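Residue numbers (the authors' numbering), protein chains in the order written: chain C, 1 to 244; chain 3, 1 to 204; chain 4, 1 to 195; chain D, 1 to 240; chain B, 1 to 250; chain 2, 1 to 226.
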């Protein structure tokens, strides 16, 4: 109630709902929008950039998008500072598993382990929760293309499409409204660009404000090919979709 | 028998014009018992190729090891593995077991992607970084192979010429080795693409 | 004892594993089969030194089971055999090695493929048409090279096996006291009617 | 107050963090266990009202600890992930060292031991999950039902409910079940668990999840159409 | 004043933005105006130095320290945090790249390793953020001339142009007007002097102004001539006299 | 292995042969043995080859660290000290035995360092297995206050006595002259006895002598996104 107690993870709020976790939501939402749409013929990851300065080189930074391995890519939203520990561990853990069984990591595994460190910091150690949400885009042959989200609390839920960070509600109202159930991969790109232009300050959705990647099962002979699009290929496709 | 020569195997590499070759035989034996006619040991990380001779379990170990380390390289630095950096990387690991060294003979072959510069380098048990660009040999029957490679090889070989030369070098040593004889594979590695040729040769 | 055999046929993986347990110069037991069921589709037989045999076999069993349950997904046989190779590649560099030769048969349910991996003591894993371990294996490698054809049915796989068995008993002064032969196939693991 | 300490024993005799755990159990899904003579029926809510959710890869609330040991839970999903993992490892540990398959009763204790340990060790929160661990003892075909609490202790009841609107469910369990006689038939037993869950779900095919666990490693989760069949039959009675 | 949560670095702040991290920025501002301009064929970094006591020697106060012979750094902030951070940068780099890959880091990799150190003085409770924000300007072969900022948080960003300190506002706008990357390096040095000259006009003498370039190799300063293939030092620090020459070109 | 060190008035000159052997087989026709601790501190290595490279790399860094830390070129003796302790610990299993040479602001030096941990100073030193041969020239001709010019002849001639008597000594002689106040003048391939000669007869094979059983083309190249 009055005396808000939250110094440590171990110390409970009267409410029972740890305030440090509450503050984590605020932070996630501070960062701009990122969006994952899972399609039957690829996954599409499309986001508006955090940065906005033209002096600062927006172009070479794919702050949102880092690949952890050949099949798995993650979109990142929250605290940059904290985040940097977790992205790095995740890559090494993936390569540790490939060492052991000499197979790509299952998507489900890789999330559940990372979520469990996030819990670890509330379960024991005064150490703050590392308040970060990733959208995981991965492929395994257990379930095909898989998409996950992770809560700062340290739990995960699968999704057909999800939005993270800022203005989650608005992007969410649009996606569900015009949702096409099957989802074609071409379609997902179009649909994504429409949602971002409405939530993005520039309504012409400049290329220099855009990060884009497409992971495709629609890549020759039925295989998974990750392709990071540069700012120059974003620009060419911007004129294809016609917002500019 | 020291653990390396239980499993022997051979690797022979040569540079040619705008290309490298890395080639090996396919016989896997443990002592008197030959175990598999067909068995590979040349792997590639990007455009950089590494064959590895010696004790078989340690081959498998190191291959994993390097695959792990090289993954991080291409991800963090945001550029392909080069041969030059890669030569140092193989060397660093090998030295950490000074006492009781890995019982292996690694061989790097690949082309620097920044100037087409053909690059080969070799290694022994203990991490020696051999800079011969003419040829590199490794295995038990290394000695045999050197003797072929030194007469047959000539500076400047056309790609299609280099393919014949290395093949005769590998083949005749094979039949004067015990722990080799069964089949062969040649990687001819060019900047544009890789052609991989399974040869027909005599088999015991 | 010194013999473990495996033969990978058309539509199944067949394992035969010694019944003898000889601890010195006396046969303490003539029946116990030296195998541990890792999955209903994966069988591991084992041989080597006293003490190391039982600890290792059961330690491996536990790990595969734990894996199996955690995700509710039966790991590929390909993965299982890699698992074992690593644990051994560690052992041999460690304070105390584990000297156990194993044949890992699994029938990949999904790719409807039999797969037999020969992992000798070192931690040299190879996938072969057919394999064995120990000195015993030499004798039999000829009958398998000649008479094997891919088109051998499961049933024809049994027949060749009996002929190998007979030769092994003749020229080894030590009889391994017959074999319990079990079939790892899409049905699962079953024990041959006779043996 | 004393919510900032665990070491401090408190003259209230009640450390607030412990009280707060209970608030957390309440919030979670309702999870119910009702046992026959030959079965444990576990009826539980799994929410699925979430828009754009691919249901296939979303974890079912029930998690196989062992081959014949199951767990349902009420309370925070994140905190609950630690119990499931410790308990799985220990499962396989048991077989590795005793050979004996998992004694359920050991396992009940092992789990509670962890929620206890952390009450004594400062700088480690007590978990705000209560669980149901249910199973069948080695060499036995009598159903076994346990609940654990975040007070770091355990108890056995003939049937028990935990999570949101448990008050409502408890009246049902008193009047339709009895300790003296559990419903002898499996069938009887399943139909009552569906009626209990309906009181708080208020109509849902996938919002209701039924897993029946029988002896000798028999785990099967009831078919959506069969669940639907329990509902319609019950719903005819409601207007009579 | 602020919360006991925000002073703590083991405790999520209400806002989620530490008070701490914000203190580190207040201090950066309080320091010198340091800048970096990226050119086709070079990078120029330039700064003014503290006048300090009259009889304190100015030379010994060094605000540009070479990390490697081919990559220099510039900072705004306090001396003590600067030196300790600087020994850590070189040391961690030797281990992770001069023995492994037996060569000097890419600029990107070195920048990555500097962020990590930073990050740890913010993660661990009771250890304040580095009191300093860097520019790491450098040259490596693979990715050419490169220009960076590394924040005491442990986030880093490449730029076309950035400036830090009190006069950051002023400077950045001036660079924009007068220059773009495609312009040559020679022009930028004259420009950078003028920019820094707004900052202070009492003295602009080459004694109090430390100006350096990372550009072309100097095969003279390789120091073991007779082998040409090894890159010379990319960095060359320009003497006071040299500054004065560059002042009459303005 | 023949390595020499000769002080001269205004510096020091270090030389060693390029030929490398692994056993009785010649591994490398040329590969210099002269390694760089720093620009004006060079050493040439004998012993176990692997150890000599490794120790130079590890120590190298600390010396580089020193240099920058102190904003001053380390002493020749500083390298000497740091090198000595390392070897001493393992009681010489790490088997690098080195001639440490250099010039610094203090002056010119020439020392030897052994794996056991013993040191000496010499006006003129020799190391390797060809130490015996090289020295003999040195001791018969050397006078006090040789010129730079004269040091360089005496030196090279001495390596020749190694070459001809020690099998492992051979090919090009490489020289690094470090002089006070100047960038070391690495005289690459100062001396050349003879080199590889082309075989009398050609060993060019008409195509189709190799037989090709099967072929599978590998694409390390980027599969289309399309």
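A virtual CB, placed ideally from N, CA and C, is assigned to each residue, including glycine.
Taking the continuous beta strand (DSSP E) assigned at residue 113 (chain 3), which residues delimit it?
From DSSP, residue 113 (chain 3) is part of no beta strand (DSSP E); its letter is neither H nor E.
Between the stretch 194–211 of chain D and the stretch 98–114 of chain D, do at least 3 Cβ pairs fall closer than 8 Å?
no
Using a 10 Å radius around the Cβ and a threshold of 16 neighbouring Cβ atoms, would you call residue 164 (chain 2) buried or exposed?
exposed
State the start and end residues of the unbroken beta strand (DSSP E) segment that holds residue 164 (chain B).
161–164
Please report whether the beta-carbon of residue 5 (chain 4) lies at a distance below 8 Å from any beta-carbon of chain 3.
no
In chain C, which residues lie with their C-beta within 9 Å of the C-beta of residue 223 (chain 2)?
219, 220, 221, 223 and 225
Whole angstroms are fine: how far does the CA of residue 219 (chain D) sit from the CA of residue 68 (chain D)?
7 Å
Can you give, in chain order, each stretch of the beta strand (DSSP E) that sits fully within the stretch 85–117 of chain 4 and has at least 3 residues?
100–108
Cα-Cα separation between residue 88 (chain 4) and residue 123 (chain 4), rounded to whole angstroms:
Near 6 Å, if we compare the C-alpha coordinates of residue 123 (chain 4) and residue 88 (chain 4).
Here's the rule I'm using: 16 or more other beta-carbon atoms within 10 Å means buried, otherwise exposed. How should residue 224 (chain 2) be labelled?
exposed
Is the CB of residue 39 (chain C) under 8 Å away from at least one CB in chain D?
Judged by the 8 Å Cβ criterion, residue 39 (chain C) is not in contact with chain D.
Is any beta-carbon of chain C found at less than 8 Å from that of residue 117 (chain 4)?
no
Just to check my reading of the structure: residue 22 (chain 4) and residue 1 (chain 4) have Cβ atoms closer than 8 Å, yes? What is that Cβ distance to the nearest angstrom?
6 Å
Three or more C-beta pairs under 8 Å: does that hold for the stretch 133–140 of chain 3 against the stretch 6–13 of chain 4?
no
Could you tell me the distance, in whole angstroms, from the CA atom of residue 250 (chain 3) to the CA atom of residue 191 (chain 3)?
Any answer about residue 250 (chain 3) is impossible in this case: the structure gives chain 3 only from 1 up to 204.
If you check the beta carbons only, do residue 141 (chain 4) and residue 100 (chain 4) fall under 8 Å apart?
no
For residue 157 (chain 4), which of helix, strand or coil comes out of DSSP?
helix
Against chain C, with Cβ distances strictly below 8 Å, would residue 106 (chain B) count as a contact?
no
From this set, 165 (chain C), 222 (chain C), 223 (chain C) and 232 (chain C), which residue's C-alpha is nearest residue 199 (chain C)'s C-alpha?
165 (chain C)
Within its chain, find whatever has a CB closer than 6 Å to the CB of residue 173 (chain D); leave out the 5 residues flanking it on each side and keep chain order.
Contacts found: 159.
Taking residue 285 (chain 3) as the query, report the chain B residues whose CB atoms sit under 8 Å from its CB, ordered along the chain.
This structure does not reach residue 285 (chain 3), given that chain 3 is present from 1 up to 204, and the question cannot be answered.
Are three or more beta carbon pairs between the stretch 222–238 of chain C and the stretch 10–25 of chain 3 nearer than 8 Å?
Segments in contact, no.
contact_flag[the stretch 120–134 of chain 3, the stretch 86–97 of chain 3] where n(CB pairs < 8 Å) is 3 or more:
Touching, yes.
Checking contacts by CB at 8 Å: is residue 83 (chain 4) closer than that to chain 3?
no
Give a yes or no on whether 8 Å exceeds the smallest Cβ distance from residue 93 (chain C) to chain D.
no
CB contact flag (residue 103 (chain 2), residue 110 (chain 2), <8 Å)
no
What residue does the beta strand (DSSP E) around residue 161 (chain D) start on, and which one ends it?
159–162
Quick check on residue 35 (chain 3) - is its C-beta less than 8 Å from some C-beta in chain 4?
yes
Positions along the stretch 153–169 of chain B whose CB lies within less than 9 Å of some CB in chain C
153, 154, 155, 157, 158, 159, 160, 161 and 162
Locate the beta strand (DSSP E) running through residue 187 (chain 3), then write down its first and last residues.
184–190
By the three-class DSSP mapping on this structure, what secondary structure does residue 42 (chain 2) have?
strand
Residue 118 (chain 2) by DSSP, collapsed to three states: which one?
If DSSP states are grouped into helix, strand and coil, residue 118 (chain 2) belongs with coil.
Closest Cα partner of residue 49 (chain D) within the set 219 (chain C), 171 (chain C), 38 (chain C) and 159 (chain C):
159 (chain C)
Give me the chain 3 residues within the contact set of residue 67 (chain C), using Cβ-Cβ distance strictly less than 9 Å, ordered along the chain.
Simply 75.
Could you give the C-beta distance for residue 154 (chain D) and residue 148 (chain D), rounded to a whole number, given that I count them as a contact under 8 Å?
Going by Cβ atoms, the distance from residue 154 (chain D) to residue 148 (chain D) rounds to 5 Å, so yes, they are a contact pair.
Counting only C-beta atoms, is residue 68 (chain 3) closer than 8 Å to chain C at any point?
With 8 Å as the cut-off, residue 68 (chain 3) counts as an interface residue toward chain C.
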